[PDB]
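Asks: In order, the protein sequences belong to chains A and B.
Take the position in the first sequence, starting the count at 1, then add 2178; the result is the number in the authors' numbering.
Take the position in the second sequence, starting the count at 1, then add 2033; the result is the number in the authors' numbering.
Just so it is clear, CB atoms sit at the ideal spot from N, CA and C, and this is done for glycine as well.
Quick one: structure below, then a few questions.
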Amino acid sequence: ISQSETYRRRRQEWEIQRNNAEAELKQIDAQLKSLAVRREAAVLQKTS
Amino acid sequence: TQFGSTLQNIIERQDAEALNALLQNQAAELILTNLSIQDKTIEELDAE
């Protein structure tokens, strides 16, 4: 019971940490569509 | 010669006018593009 308990605990650590990285990555892609937009406005700057 | 002078003044003054007008027309033509830029940077605030 103790051994499988430890295994479930560490598994929860894995879950939390992976999930951390995931939320991070979706943040990243949000920033990528941003700097894509800011690019859009800098090209509109060029053409202006 | 008086007709001469007064006409020269008409012409200087005429081109000066069409300059002022042509400028304002350009001012509009630019404030359009600069306006669109400003819109897109609001969009980049959406993305952020």
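1. Compare the C-beta of A:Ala2208 with all C-beta atoms of chain B and state if any pair is closer than 8 Å.
2. Would you mind giving the Cβ-Cβ distance between A:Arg2216 and B:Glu2077, rounded to the nearest angstrom? I have them listed as a contact below 8 Å.
3. Assign A:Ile2206 to one of three DSSP states: helix, strand, or coil.
4. Excluding the five sequence neighbours on either side, which residues of its own chain have a C-beta within less than 8 Å of the C-beta of A:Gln2209, listed in chain order?
5. So, do the segment 2068-2077 of chain B and the segment 2217-2225 of chain A have three or more beta carbon pairs nearer to each other than 8 Å?
6. Since A:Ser2212 contacts B:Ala2080 with CB under 8 Å, what's their CB separation in whole angstroms?
Replies: On the basis of the coordinates in this document:
1. By this cut-off, A:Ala2208 is an interface position.
2. At roughly 5 Å, the Cβ-Cβ gap stays under 8 Å, so A:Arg2216 and B:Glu2077 are in contact.
3. In this structure, A:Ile2206 counts as helix in the three-state DSSP scheme.
4. Here the set comprises nothing.
5. A contact exists between the segment 2068-2077 of chain B and the segment 2217-2225 of chain A.
6. Contact between A:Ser2212 and B:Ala2080 holds, since their C-beta atoms are separated by about 4 Å, short of 8 Å.
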